[PDB]
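Below is coords34.cif, holding mmCIF, C-alpha atoms.
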```cif
data_final
#
loop_
_atom_site.label_atom_id
_atom_site.label_comp_id
_atom_site.auth_asym_id
_atom_site.auth_seq_id
_atom_site.Cartn_x
_atom_site.Cartn_y
_atom_site.Cartn_z
CA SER E 1 -141.67 -8.26 136.24
CA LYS E 2 -139.98 -4.97 135.41
CA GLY E 3 -136.41 -6.30 135.38
CA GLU E 4 -137.14 -9.76 134.11
CA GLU E 5 -137.12 -8.32 130.62
CA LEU E 6 -133.53 -7.13 130.90
CA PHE E 7 -132.14 -10.56 131.41
CA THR E 8 -133.60 -12.13 128.37
CA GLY E 9 -130.24 -12.33 126.60
CA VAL E 10 -126.51 -12.15 127.38
CA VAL E 11 -125.44 -9.21 129.56
CA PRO E 12 -122.11 -7.54 129.79
CA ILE E 13 -120.61 -7.39 133.21
CA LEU E 14 -118.27 -4.95 134.75
CA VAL E 15 -116.80 -5.45 138.22
CA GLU E 16 -114.84 -3.04 140.38
CA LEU E 17 -113.59 -3.81 143.83
CA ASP E 18 -111.62 -1.76 146.29
CA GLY E 19 -110.36 -3.49 149.37
CA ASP E 20 -108.07 -3.20 152.29
CA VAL E 21 -107.04 -6.32 154.02
CA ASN E 22 -105.20 -5.72 157.24
CA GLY E 23 -103.84 -2.55 155.75
CA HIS E 24 -103.17 -4.36 152.55
CA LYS E 25 -104.72 -2.08 150.00
CA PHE E 26 -105.62 -3.44 146.56
CA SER E 27 -107.89 -3.07 143.57
CA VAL E 28 -109.59 -5.61 141.30
CA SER E 29 -111.36 -5.35 137.97
CA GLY E 30 -113.41 -7.92 136.18
CA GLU E 31 -115.39 -8.17 132.98
CA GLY E 32 -117.51 -11.02 131.61
CA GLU E 33 -120.95 -11.92 130.38
CA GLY E 34 -124.10 -13.12 131.99
CA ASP E 35 -126.74 -15.48 130.71
CA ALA E 36 -129.55 -15.63 133.19
CA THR E 37 -131.25 -18.02 130.83
CA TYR E 38 -128.79 -20.72 131.71
CA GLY E 39 -127.66 -19.43 135.11
CA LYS E 40 -124.26 -18.91 133.49
CA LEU E 41 -121.53 -16.41 134.60
CA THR E 42 -118.20 -15.98 132.87
CA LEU E 43 -115.71 -13.57 134.27
CA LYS E 44 -112.09 -12.64 134.35
CA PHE E 45 -110.45 -10.66 137.08
CA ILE E 46 -107.29 -8.74 137.29
CA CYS E 47 -105.78 -7.27 140.36
CA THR E 48 -104.84 -3.94 138.96
CA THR E 49 -102.62 -2.99 141.85
CA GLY E 50 -100.23 -5.87 141.46
CA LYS E 51 -100.28 -9.15 143.34
CA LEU E 52 -103.48 -9.96 145.14
CA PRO E 53 -102.74 -9.89 148.87
CA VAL E 54 -105.32 -12.63 149.61
CA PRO E 55 -106.37 -15.84 147.99
CA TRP E 56 -108.63 -15.53 144.96
CA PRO E 57 -111.10 -18.12 146.26
CA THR E 58 -111.79 -15.79 149.11
CA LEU E 59 -113.44 -13.28 146.68
CA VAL E 60 -115.54 -15.71 144.61
CA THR E 61 -118.75 -15.06 146.43
CA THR E 62 -118.02 -11.43 146.59
CA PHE E 63 -117.23 -11.32 142.96
CA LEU E 64 -124.28 -11.51 140.71
CA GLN E 65 -127.27 -13.38 142.03
CA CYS E 66 -129.46 -11.65 139.47
CA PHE E 67 -128.00 -14.14 136.97
CA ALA E 68 -129.63 -17.03 138.84
CA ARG E 69 -131.79 -19.28 136.79
CA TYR E 70 -135.25 -19.29 138.24
CA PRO E 71 -137.37 -22.14 137.12
CA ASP E 72 -140.54 -20.87 135.54
CA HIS E 73 -142.67 -22.00 138.42
CA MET E 74 -140.53 -19.87 140.86
CA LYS E 75 -140.36 -16.59 138.90
CA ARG E 76 -142.35 -14.79 141.59
CA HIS E 77 -139.46 -15.20 144.00
CA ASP E 78 -136.78 -13.47 142.00
CA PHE E 79 -135.79 -10.57 144.06
CA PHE E 80 -132.64 -9.65 142.19
CA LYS E 81 -134.23 -9.21 138.82
CA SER E 82 -137.12 -7.39 140.40
CA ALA E 83 -134.82 -4.70 141.78
CA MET E 84 -133.63 -3.69 138.32
CA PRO E 85 -132.77 -1.62 136.54
CA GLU E 86 -132.56 0.52 139.70
CA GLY E 87 -130.44 -2.06 141.43
CA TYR E 88 -129.81 -3.03 145.00
CA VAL E 89 -127.43 -3.04 147.88
CA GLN E 90 -125.69 -6.18 148.75
CA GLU E 91 -124.06 -6.05 152.12
CA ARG E 92 -121.85 -8.71 153.69
CA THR E 93 -120.01 -9.99 156.68
CA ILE E 94 -117.89 -12.96 156.13
CA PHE E 95 -116.26 -14.68 159.08
CA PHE E 96 -113.38 -17.07 158.60
CA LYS E 97 -113.30 -19.62 161.34
CA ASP E 98 -110.43 -18.75 163.59
CA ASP E 99 -109.32 -15.83 161.46
CA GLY E 100 -110.19 -12.40 160.18
CA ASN E 101 -113.41 -11.31 158.61
CA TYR E 102 -114.36 -9.38 155.48
CA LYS E 103 -117.06 -6.70 155.48
CA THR E 104 -118.54 -5.91 152.05
CA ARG E 105 -120.69 -3.26 150.51
CA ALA E 106 -121.65 -3.37 146.97
CA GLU E 107 -123.98 -1.74 144.57
CA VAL E 108 -125.32 -3.66 141.75
CA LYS E 109 -127.07 -2.02 138.87
CA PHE E 110 -127.28 -1.27 135.27
CA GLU E 111 -125.32 1.39 133.49
CA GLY E 112 -126.76 1.82 130.13
CA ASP E 113 -126.86 -1.80 129.30
CA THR E 114 -123.90 -3.08 131.25
CA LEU E 115 -124.59 -4.74 134.54
CA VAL E 116 -122.39 -3.08 137.12
CA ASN E 117 -121.12 -4.29 140.44
CA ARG E 118 -119.05 -1.90 142.60
CA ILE E 119 -117.67 -3.25 145.83
CA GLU E 120 -115.98 -1.74 148.79
CA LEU E 121 -114.25 -4.39 150.80
CA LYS E 122 -112.81 -4.08 154.27
CA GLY E 123 -111.03 -6.91 156.03
CA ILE E 124 -109.54 -7.11 159.50
CA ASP E 125 -108.21 -9.45 162.19
CA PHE E 126 -106.38 -11.70 159.89
CA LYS E 127 -103.49 -13.78 161.12
CA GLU E 128 -100.43 -12.89 159.10
CA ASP E 129 -99.58 -16.55 159.18
CA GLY E 130 -103.19 -17.61 158.81
CA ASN E 131 -104.62 -19.67 155.98
CA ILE E 132 -105.62 -16.48 154.19
CA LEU E 133 -102.64 -14.21 154.59
CA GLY E 134 -100.34 -17.15 154.38
CA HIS E 135 -102.05 -18.32 151.17
CA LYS E 136 -102.72 -21.90 152.24
CA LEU E 137 -105.93 -22.07 150.23
CA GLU E 138 -106.11 -24.31 147.23
CA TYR E 139 -107.17 -22.76 143.92
CA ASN E 140 -110.50 -24.63 143.70
CA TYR E 141 -114.08 -24.47 144.95
CA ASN E 142 -116.99 -26.59 146.14
CA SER E 143 -120.70 -26.73 145.34
CA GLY E 144 -123.45 -25.46 147.64
CA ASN E 145 -126.72 -23.73 148.51
CA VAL E 146 -127.46 -20.24 149.55
CA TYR E 147 -130.48 -19.81 151.71
CA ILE E 148 -133.01 -17.12 151.00
CA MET E 149 -135.70 -15.52 153.06
CA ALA E 150 -137.61 -12.28 153.14
CA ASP E 151 -136.98 -9.14 154.97
CA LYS E 152 -140.36 -7.52 155.20
CA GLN E 153 -139.41 -4.86 157.69
CA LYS E 154 -136.58 -3.85 155.37
CA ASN E 155 -138.30 -4.52 152.06
CA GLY E 156 -135.24 -6.62 151.30
CA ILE E 157 -133.88 -10.07 151.83
CA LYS E 158 -131.56 -11.86 154.16
CA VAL E 159 -129.33 -14.63 152.90
CA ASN E 160 -127.22 -16.91 155.03
CA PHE E 161 -124.72 -19.57 154.01
CA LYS E 162 -121.32 -21.07 154.53
CA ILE E 163 -118.49 -21.84 152.23
CA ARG E 164 -115.80 -24.48 152.80
CA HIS E 165 -112.33 -23.65 151.34
CA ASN E 166 -109.82 -26.45 151.00
CA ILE E 167 -106.46 -26.13 152.57
CA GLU E 168 -103.32 -27.43 150.99
CA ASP E 169 -102.93 -30.13 153.61
CA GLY E 170 -106.28 -31.65 153.06
CA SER E 171 -108.00 -29.53 155.74
CA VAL E 172 -110.93 -27.19 155.41
CA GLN E 173 -111.32 -23.48 156.06
CA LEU E 174 -114.73 -22.17 157.13
CA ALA E 175 -116.39 -19.02 155.82
CA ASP E 176 -119.73 -18.13 157.26
CA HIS E 177 -121.59 -15.52 155.21
CA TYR E 178 -124.17 -13.05 156.40
CA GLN E 179 -125.97 -11.10 153.76
CA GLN E 180 -128.57 -8.41 153.34
CA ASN E 181 -130.04 -7.06 150.21
CA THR E 182 -132.00 -3.90 149.87
CA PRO E 183 -133.27 -2.32 146.74
CA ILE E 184 -131.92 0.96 145.62
CA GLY E 185 -135.07 2.57 144.26
CA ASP E 186 -138.32 3.33 146.00
CA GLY E 187 -139.71 0.97 143.41
CA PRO E 188 -141.64 -2.20 144.08
CA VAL E 189 -139.90 -5.47 144.41
CA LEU E 190 -140.46 -9.13 144.68
CA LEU E 191 -140.45 -10.58 148.20
CA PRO E 192 -139.83 -14.30 148.10
CA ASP E 193 -140.74 -17.35 150.01
CA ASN E 194 -137.84 -19.29 151.29
CA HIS E 195 -135.74 -21.07 148.84
CA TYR E 196 -132.17 -21.34 147.92
CA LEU E 197 -129.63 -21.18 145.16
CA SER E 198 -127.57 -24.03 143.89
CA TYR E 199 -124.10 -23.04 142.99
CA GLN E 200 -121.44 -24.59 140.90
CA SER E 201 -118.11 -22.87 140.21
CA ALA E 202 -114.83 -23.53 138.45
CA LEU E 203 -111.80 -21.37 138.69
CA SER E 204 -109.13 -21.21 136.17
CA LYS E 205 -106.21 -19.43 134.78
CA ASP E 206 -105.45 -17.59 131.53
CA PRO E 207 -102.46 -19.22 129.95
CA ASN E 208 -101.68 -16.02 128.17
CA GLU E 209 -102.44 -13.60 130.97
CA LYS E 210 -99.26 -12.73 132.75
CA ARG E 211 -100.89 -10.56 135.40
CA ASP E 212 -102.30 -11.84 138.66
CA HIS E 213 -105.87 -12.75 137.88
CA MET E 214 -108.68 -15.25 138.01
CA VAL E 215 -110.95 -16.79 135.43
CA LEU E 216 -114.24 -17.84 137.08
CA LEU E 217 -117.10 -19.83 135.60
CA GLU E 218 -120.33 -20.32 137.49
CA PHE E 219 -123.74 -21.91 137.29
CA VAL E 220 -126.52 -20.94 139.48
CA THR E 221 -129.98 -22.23 139.63
CA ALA E 222 -132.78 -21.47 142.06
CA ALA E 223 -134.59 -24.30 143.92
CA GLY E 224 -136.55 -25.57 146.90
CA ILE E 225 -139.94 -24.63 145.51
#
```
As structure tokens:
Amino acid sequence: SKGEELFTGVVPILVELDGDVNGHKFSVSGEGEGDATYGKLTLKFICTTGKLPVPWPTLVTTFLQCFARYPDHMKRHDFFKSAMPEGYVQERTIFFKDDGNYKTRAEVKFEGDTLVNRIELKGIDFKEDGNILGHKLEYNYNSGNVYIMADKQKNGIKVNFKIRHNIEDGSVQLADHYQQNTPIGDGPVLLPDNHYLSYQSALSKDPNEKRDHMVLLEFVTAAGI
């Protein structure tokens, strides 16, 4: 495909997010590389406005499916790569069980040769003393699958999944994700059969970085076909 060629090597990533969580304005910037060949993502984020009002783990999913590693036999299902270099719109609604919910809009594309992801995030209905606002979430993350199906009508895709965040007392916090992807151009794309993505992430810190931030490593491989 058209965009397949762009992911042949290691790609520079640039991430910019603007959010407001219950009137808690903030900004985050990340940089890192991408190696679609191994389904590898390596990023670092800094909350440029100070202290991040919410828990890092809550942004993980928000913070590049085009870096998925598609087995050769599944190449014809890669929608992300197909949408490039034009890019696509990734829209999201993330509901936290018994709490607020994030609404996301992001544009992912190429700028010159840097893969860019701009996000506008809006979050409301959070309990000030909730798990989120009250930062009860442990700095860790579990493995999982993201389910993918076509969106013929829309010439896009619909993805649905759930994340389970650990709470400091042993409990679990639910995050149900709703997701639509549409391509930015009027270009042709790849509409896939149903499959999913297998995710593995590890969060970490930068011993030397004083600023509020998050180092995130992630492996993603496509399956179910």
Neighbour list for residue 82 (chain E) as an MDAnalysis selection string, cut-off 10 Å, only C-alpha atoms, skip fewer than 3 positions in-chain: chainID E and resid 1:5 66 75:79 85:88 183 187:191
Output the residue selection produced by the PyMOL selection byres ((chain E and resi 175) around 6) on the file above, formatted as a PyMOL selection string. chain E and resi 95-96+162-163+174+176
Nearest residue to residue 102 (chain E) from the set E:19, E:9, E:134, E:192 (distances using all atoms listed in the file): E:19
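Closest approach to residue 32 (chain E) among E:114, E:194, E:142, E:201: E:114, based on all atoms listed in the file.
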Wanna dump the region 14-98 of chain E-region 117-124 of chain E contacts at 10 Å for me, each residue with its shortest atom pair and the distance in Å to one decimal, counting all atoms listed in the file, ordered by chain and number, as a tab-separated table?
```
residue	atom	partner	partner_atom	distance
E:14	CA	E:117	CA	6.4
E:15	CA	E:117	CA	5.0
E:16	CA	E:118	CA	4.9
E:17	CA	E:119	CA	4.6
E:18	CA	E:120	CA	5.0
E:19	CA	E:121	CA	4.2
E:20	CA	E:122	CA	5.2
E:21	CA	E:123	CA	4.5
E:22	CA	E:124	CA	5.1
E:23	CA	E:124	CA	8.2
E:24	CA	E:123	CA	9.0
E:25	CA	E:122	CA	9.4
E:26	CA	E:121	CA	9.7
E:27	CA	E:121	CA	9.7
E:28	CA	E:119	CA	9.6
E:29	CA	E:118	CA	9.6
E:30	CA	E:117	CA	9.5
E:59	CA	E:121	CA	9.8
E:62	CA	E:119	CA	8.2
E:63	CA	E:117	CA	8.4
E:64	CA	E:117	CA	7.9
E:87	CA	E:117	CA	9.6
E:88	CA	E:117	CA	9.9
E:89	CA	E:117	CA	9.8
E:90	CA	E:119	CA	9.0
E:91	CA	E:119	CA	9.4
E:92	CA	E:121	CA	9.2
E:93	CA	E:123	CA	9.5
E:94	CA	E:123	CA	9.1
E:95	CA	E:123	CA	9.9
```
Shell of 8 Å around region 208-219 of chain E, all atoms listed in the file, local chain residues under 2 positions omitted, as a count of residues only: 26
By how many Å are CA of residue 100 (chain E) and CA of residue 146 (chain E) apart? 21.7 Å
